[PDB]
Visitor: 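Starting off with a structure, shown below.
Letters A, B, ... mirror the listed sequences (proteins, then strands); counts begin at 1.
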Amino acid sequence: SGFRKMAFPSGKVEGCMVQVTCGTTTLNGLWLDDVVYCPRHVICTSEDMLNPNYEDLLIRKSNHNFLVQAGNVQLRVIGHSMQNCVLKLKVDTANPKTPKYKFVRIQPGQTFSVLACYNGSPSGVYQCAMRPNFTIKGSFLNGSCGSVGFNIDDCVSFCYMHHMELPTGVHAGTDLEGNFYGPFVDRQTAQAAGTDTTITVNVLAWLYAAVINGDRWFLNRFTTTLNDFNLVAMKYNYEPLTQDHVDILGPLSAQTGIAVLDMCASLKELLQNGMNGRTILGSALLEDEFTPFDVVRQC
Amino acid sequence: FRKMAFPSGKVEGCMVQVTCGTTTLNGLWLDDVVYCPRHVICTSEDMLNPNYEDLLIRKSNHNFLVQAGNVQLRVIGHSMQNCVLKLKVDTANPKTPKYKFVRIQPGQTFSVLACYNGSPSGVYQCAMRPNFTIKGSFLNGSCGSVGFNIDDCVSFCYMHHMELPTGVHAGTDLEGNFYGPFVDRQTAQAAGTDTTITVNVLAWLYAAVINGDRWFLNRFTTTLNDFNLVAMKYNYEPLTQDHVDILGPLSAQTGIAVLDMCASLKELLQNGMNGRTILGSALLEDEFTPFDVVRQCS
């Protein structure tokens, strides 16, 4: 009984966080080799944020307008450029703590750890999933912008950088090439996240993990078609299932005896009846932030 | 509002692998000592009725196999402090942080760095349950995994020893004293009835008010004695006058007295949540201490 939600160990990311200051604005940066990456809105005042002209603002800056601090060691900015929505500050010293790393763009439903930082100091770490509406439910107070998301495989894969907090409380950001996830923009305009839906393929991998661990109370004798299940799932604000999800679940339906569409019939019955005070793997709710990959490679 | 763990970088550098004969588990490498569960000197057939003090006489320095990644460490002496083995090695750990051994109390929170054969694999935040167990994720190979808080100073407070059949885990402080009535033997051991940490639930409801989620608030107040009557009916740790004092800063920031907030909680247990959520949860969280709420919010 128990499958807790673990984050990756953060040490390899900790020695890459720095502080970047421009004018009166200070946020977090990421120091890899001889480049500091950070959100480009660092060059904005609060006046500029309603309608920022980022090209106009950056042509007016010099290298000495950017103060970068790795603890007490000041770094000298030696050049700068803009890639999409991320600023890249070239510095005179390479980070001796640079891990083996990669940049990846993720899709909704994938999970990663976040190292939440304030003024270049790490303060905490948590595991989350990219929601289907391309937002993340996290705990980011003011000054966490530029905090990064990663997976570790010795090879650190950076997939996310925090830019913006949305009025509904959720957070929005880019990949490390500076491209926003979702329809969002780095302006203070009214930006509406879509409906957040449950990640169906993730609930199903978790229920497969349940039968392997020993829980079976939720199984039924029924099976369903993909089209019929998706018609019911819509009504509960669940993401529709595709044929690609079915094949990703296949080794789990091999370790167990339960066909995917059979599992889908049981999920349909949980949605309609509830839990009745019971639990599945110690949880009183249907969990959707465990991906098939994580489950397959931990059973 | 998420359950955040402390950054693990300063502890990662202290984890090593200890092998004695056929058993491999995790150790903690501080200055020139390796700390690990003393049951690493036992075979699977020695766990019935181990005589640790006679089994340790058998062994010599060369029976212990200590590994810090690729580097290999040499045991030059060994010793027992209660339930923890202390192996003296030949080289100091140059990554030793500023640290301290503390024993904590039930209801308090800390982070755990889960490890397998000396390699860190994950980190999570948990609370010591009132029955002295932790609900965690350790599989075989994670004995000697350590729990900590960060204040520049790392306070180490826990070391995993055993997994109980109900999926809960049990351990010692770094001085080898068990949390709870367990022994380091392979035998039937049961964890007591777990209770809900009421002061942590209160801290979390204060957090929900800070986030503007204020619907469970009512006009009523109760008394300490009346609340505990309802508390232990529903299996809630009794509330003490010191508990009221700890919640003081959250009572000033919000403007809602502890006994006032207690009347909310008392109504949430009897009447349920009326099919509504607090902080997106239909479930009352008890693994955020008061001081976590101050840390994460103000």
Visitor: Heavy-atom count around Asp92(A) CG within 6.0 Å, excluding the residue itself: above 12?
Guide: yes

Visitor: Identify the residue among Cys38(A), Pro39(A), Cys117(A) that makes a side-chain contact (heavy atoms from CB on, under 4.5 Å) with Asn28(A).
Guide: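 The option that passes is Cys117(A).
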
Visitor: If every non-hydrogen atom of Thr279(A) is compared with every non-hydrogen atom of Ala284(A), which pair is closest and at what distance?
Guide: CG2-N, 3.9 Å

Visitor: Within the distance-only criterion (no hydrogens, no angle test), does the side chain of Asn133(A) pair as donor or acceptor with the backbone N or O of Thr135(A) below 3.5 angstrom?
Guide: yes

Visitor: Quick one: does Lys12(A)'s side chain get under 4.5 Å of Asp154(A)'s, heavy atoms only?
Guide: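 SC-SC contact between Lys12(A) and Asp154(A) confirmed.
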
Visitor: Heavy-atom distance under 4.5 Å between the side chains of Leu32(A) and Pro99(A), does that happen here?
Guide: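 A side-chain contact under 4.5 Å exists here.
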
Visitor: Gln83(A) side chain to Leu176(A) main-chain N or O, any donor-acceptor pair under 3.5 Å?
Guide: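 No, because the side chain of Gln83(A) does not come within donor-acceptor range (under 3.5 Å) of the backbone of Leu176(A).
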
Visitor: Can a salt bridge be assigned to the pair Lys3(B) and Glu285(B) using a cut-off of 4.0 Å between side-chain N and carboxylate O?
Guide: yes

Visitor: Is there side-chain contact between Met275(A) and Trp217(A), with heavy atoms separated by less than 4.5 Å?
Guide: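 They are in side-chain contact.
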
Visitor: If you define the side chain from C-beta out and look only at heavy atoms, does anything of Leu58(A) sit under 4.5 Å from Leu87(A)?
Guide: yes

Visitor: Could you state the interatomic distance from OG (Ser281(B)) to CZ (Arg276(B)), rounded to the nearest 0.5 Å?
Guide: 14.0 Å

Visitor: Would a 4.5 Å heavy-atom cut-off, applied to side chains only, mark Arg105(A) and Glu177(A) as touching?
Guide: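 A side-chain contact is absent here, since even the closest heavy-atom pair is not under 4.5 Å.
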
Visitor: Using every non-hydrogen atom in the two residues, find where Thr225(A) and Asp228(A) come nearest and quote the distance to one decimal.
Guide: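 Scanning both residues, the minimum pair turns out to be OG1-N, 3.2 Å.
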
Visitor: Could you tabulate the donor-acceptor pairs under 3.5 Å formed by side-chain atoms of residues 233-242 of chain A, not counting sequence neighbours?
Guide:
from      : atom 1 : to        : atom 2 : distance (Å)
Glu239(A) : OE2    : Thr197(A) : OG1    : 2.7
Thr242(A) : OG1    : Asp244(A) : N      : 2.9
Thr242(A) : OG1    : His245(A) : N      : 3.3

Visitor: Considering only heavy atoms from C-beta outward, does the side chain of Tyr124(B) approach that of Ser111(B) to under 4.5 Å?
Guide: no

Visitor: In this structure, which one of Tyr160(A), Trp31(A), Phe103(A), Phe158(A) forms a ring-ring contact (aromatic ring centres under 6.0 Å, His included) with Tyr37(A)?
Guide: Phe103(A)

Visitor: Could you list all the salt bridge (charged side-chain N to carboxylate O under 4.0 Å, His left out) pairs where at least one residue sits in residues 165-174 of chain A, not counting sequence neighbours?
Guide: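 Sorted result for residues 165-174 of chain A: empty, none.
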
Visitor: Specify the closest pair of heavy atoms between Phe8(A) and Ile152(A), including all atoms of both residues, with the distance to one decimal.
Guide: CE2-O, 3.4 Å

Visitor: Quick check: are there more than 12 heavy atoms from other residues, nucleotides or ligands sitting under 6.0 Å from NZ of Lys5(A)?
Guide: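 Enclosed: over 12 neighbouring heavy atoms sit under 6.0 Å from NZ of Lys5(A).
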
Visitor: side-chain contact (heavy atoms from CB on, under 4.5 Å) with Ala208(B): which residues, sequence neighbours excluded?
Guide: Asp213(B), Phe216(B), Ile278(B), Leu279(B)

Visitor: Around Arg216(A), counting heavy atoms of other residues, nucleotides and ligands shown, do more than 12 lie under 6.0 Å from its CZ?
Guide: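 Counting other residues, nucleotides and ligands, CZ of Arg216(A) stays at 12 neighbours or fewer.
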
Visitor: Check whether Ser8(B) reaches the backbone of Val11(B) with its side chain - one donor and one acceptor, N or O, closer than 3.5 Å.
Guide: no

Visitor: Only pairs at least two apart or in different chains count here, so list each salt bridge (charged side-chain N to carboxylate O under 4.0 Å, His left out) that has a residue in residues 186-206 of chain A.
Guide: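 Passing the test, one end in residues 186-206 of chain A: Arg40(A)-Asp186(A), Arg131(A)-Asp196(A).
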
Visitor: Considering only heavy atoms from C-beta outward, does the side chain of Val123(B) approach that of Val125(A) to under 4.5 Å?
Guide: yes

Visitor: In residues 260-273 of chain A, what donor-acceptor pairs under 3.5 Å come from side-chain atoms, sequence neighbours left out?
Guide:
from      : atom 1 : to        : atom 2 : distance (Å)
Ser266(A) : OG     : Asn220(A) : N      : 3.3
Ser266(A) : OG     : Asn220(A) : OD1    : 3.4

Visitor: Roughly how far apart are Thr200(A) OG1 and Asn230(A) CG, rounded to 0.5 Å?
Guide: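 Answer for the OG1-CG pair, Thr200(A) versus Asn230(A), is 7.5 Å.
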
Visitor: Under 6.0 Å from the CG atom of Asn53(A), do we count more than 12 heavy atoms belonging to anything else shown?
Guide: yes

Visitor: Using a 3.5 Å distance criterion without hydrogens, assess whether the side chain of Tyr118(A) forms a donor-acceptor pair with backbone atoms of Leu141(A).
Guide: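 At least one qualifying donor-acceptor pair exists.
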
Visitor: Do the rings of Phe290(A) and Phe3(A) sit parallel, tilted or perpendicular, given the 30° and 60° boundaries?
Guide: perpendicular

Visitor: Strictly by ring-ring contact (aromatic ring centres under 6.0 Å, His included), give each pair with a member in residues 179-201 of chain A just once, sequence neighbours left out.
Guide: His163(A)-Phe180(A)

